[PDB]
Amino acid sequence: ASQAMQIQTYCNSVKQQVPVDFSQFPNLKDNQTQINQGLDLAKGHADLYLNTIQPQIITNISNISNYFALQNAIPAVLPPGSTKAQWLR
Amino acid sequence: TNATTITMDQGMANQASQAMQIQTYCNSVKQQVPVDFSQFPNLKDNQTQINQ
Amino acid sequence: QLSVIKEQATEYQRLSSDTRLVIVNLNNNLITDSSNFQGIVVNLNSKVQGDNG
Amino acid sequence: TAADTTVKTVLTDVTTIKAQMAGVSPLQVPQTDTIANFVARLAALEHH
Amino acid sequence: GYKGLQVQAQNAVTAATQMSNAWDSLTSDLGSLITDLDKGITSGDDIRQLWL
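Protein chains in written order, with our numbering: chain A, 1313 to 1401; chain B, 18 to 69; chain C, 140 to 192; chain D, 10 to 57; chain E, 2 to 53.
Given below as structure tokens:
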């Protein structure tokens, strides 16, 4: 289970919870308020990871990876056929 | 643009994972059993409403 | 050649859709049997709970 | 030369991040109660 | 005993739902193939080759 999968599990889990009605239990009145705000807020956070953050993170590493896959080394000596001027470039 | 491919990936990945969530819940809603209040005349009408 | 293939594929797409339609009846049968059994269990429990009283 | 070695390291760092970011976490089926079990745990607190 | 048959039957349901998913995938993918052969046949040159 990768780090992103761990976060997905959390996001998928929270998005499925159902706000409570404790209307039958005035003793729990405030507990209903606390639960339902905390949840609503985490649903927001979850969506953000799923539709914004994780895609940004993957995107960013694709571009980084793609470059250095090709520039996978540094010429420490003047390559055959180049000038000094154009090696420094 | 990688962003575009990844956007497609993530879009798809999200929709399929939710689909498995809703599909499983729908299977469970269909296996749900109806009420029976035929021992309480008082309650005939709530039975037909609940079950509908 | 390509038209004969596209037609064969068209027939199999129809066969696949028919198959899936047979599988809705299957799912609905299993779902019914499951619901029935749940209800069986639920009412036996009510009987046992009353008897324990 | 140190640069060339650092690029090597940079690719290391990237496959690390790539390992962090792969996979599609599968469905988790919770275990909520059925009616038989809810009536019991309740019958449990009341008769003891 | 009927709690046992219910669990077996629930499993069967998941199993049958996964059969539906698979067959849907086949229907749809055959769908793509039909499109592509259709477009390939009614196209030419490089565009027929793309589709095919």
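The beta carbon of each residue, even a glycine, is placed where N, CA and C say it ideally should be.
(request) Count the other C-beta atoms from every protein chain shown that fall within 10 angstroms of the C-beta of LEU1362(A), then say buried if there are 16 or more, exposed otherwise. (result) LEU1362(A) should be labelled buried.
(request) Check distances from the C-beta atoms of the segment 154-183 of chain C to those of chain B and list, in chain order, the residues that come in under 7 Å. (result) Those residues of the segment 154-183 of chain C placed with their C-beta closer than 7 Å to a C-beta in chain B are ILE170, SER173, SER174, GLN177, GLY178, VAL181, ordered along the chain.
(message) Suppose you measure from the CA of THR15(D) to the CA of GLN32(B); what does that come to, to the nearest Å?
(response) The alpha-carbon atoms of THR15(D) and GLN32(B) are separated by roughly 40 Å.
(message) Quick test of the definition: if touching needs 3 or more C-beta pairs under 8 Å, does the segment 1358-1376 of chain A touch the segment 165-177 of chain C?
(response) Between the segment 1358-1376 of chain A and the segment 165-177 of chain C there are fewer than three inter-stretch CB-CB distances shorter than 8 Å, so the stretches are not counted as touching.
(request) Tell me whether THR18(E) is buried or exposed, calling it buried when 16 or more other Cβ atoms sit within 10 Å of its Cβ. (result) Flag for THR18(E) reads buried.
(message) Within 10 Å of its beta-carbon, does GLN1346(A) have 16 or more other beta-carbons around it, so buried, or fewer, so exposed?
(response) So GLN1346(A) counts as exposed.
(message) Once the 5 residues before and after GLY32(E) are set aside, which same chain residues still bring their CB inside 7 Å of it?
(response) Cβ within range, chain order: n/a, list empty.
(request) Give the residues from the segment 1352-1369 of chain A that approach chain B closer than 8 Å (Cβ to any Cβ), ordered along the chain. (result) Among the residues of the segment 1352-1369 of chain A, those with a Cβ less than 8 Å away from any Cβ of chain B are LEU1362, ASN1363, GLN1366, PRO1367, in the order of the chain.
(request) Measure how close the beta-carbons of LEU53(E) and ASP37(E) come, nearest whole angstrom, since I'm counting them as under 8 Å. (result) That pair is a contact at about 7 Å.
(message) Within 9 Å of any Cβ in chain D, is that where the Cβ of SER142(C) sits?
(response) For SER142(C), the answer is no, since every Cβ of chain D falls outside 9 Å of its Cβ.
(message) Let's see if you can read the secondary structure: which residues bound the alpha helix (DSSP H) around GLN37(D)?
(response) In the DSSP assignment, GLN37(D) falls outside any alpha helix (DSSP H), carrying neither H nor E.
(request) Would you mind telling me which residues of chain E sit closer than 8 Å to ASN44(B), beta carbon to beta carbon, in chain order? (result) At a C-beta separation below 8 Å, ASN44(B) has these neighbours in chain E: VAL14, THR15, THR18.
(message) So, with DSSP's three-state summary, where would you put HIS1357(A)?
(response) Secondary structure of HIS1357(A) (DSSP, three-state): helix.
(request) Anything in chain C within Cβ reach of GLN7(E), meaning under 7 Å, just list it in chain order. (result) Chain C residues near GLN7(E): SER173, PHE176, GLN177, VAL180.
(request) List the residues of chain D that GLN152(C) touches, going by C-beta distances under 8 Å, in chain order. (result) Those within 8 Å of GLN152(C) in chain D number zero; the least Cβ separation is about 27 Å.
(message) For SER34(B), report the span of its alpha helix (DSSP H) as first-last.
(response) 19-48 is the span of the alpha helix (DSSP H), which, as asked, contains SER34(B).
(request) With 8 Å as the limit, tell me which residues of the segment 1365-1396 of chain A have their beta carbon closer than that to any beta carbon of chain B; keep them in chain order. (result) For the segment 1365-1396 of chain A, residues whose beta-carbon sits nearer than 8 Å to a beta-carbon of chain B comprise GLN1366, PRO1367, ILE1370, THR1371, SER1374, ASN1375, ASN1378.
(request) Kindly list the residues whose CB is nearer than 7 Å to the CB of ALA1354(A), restricted to its own chain and excluding five residues on each side of it in sequence; keep chain order. (result) Sequence-distant partners of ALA1354(A) (beyond 5 residues in either direction) whose C-beta falls short of 7 Å from its own C-beta, in its chain, are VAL1326.
(request) Tell me, please, whether the CB atom of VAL19(D) is closer than 9 Å to any CB atom in chain B? (result) By the rule that beta-carbons nearer than 9 Å mark a contact, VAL19(D) does not touch chain B.
(request) Using a Cβ-Cβ cut-off of less than 7 Å, give me the residues of the segment 23-50 of chain E that come near chain C, in sequence order. (result) Correct list: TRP24, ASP25, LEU27, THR28, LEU31, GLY32, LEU34, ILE35, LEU38, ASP39, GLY41, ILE42.
(message) Please confirm whether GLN1315(A) has its beta-carbon closer than 9 Å to some beta-carbon of chain B.
(response) By this cut-off, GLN1315(A) is not an interface position.
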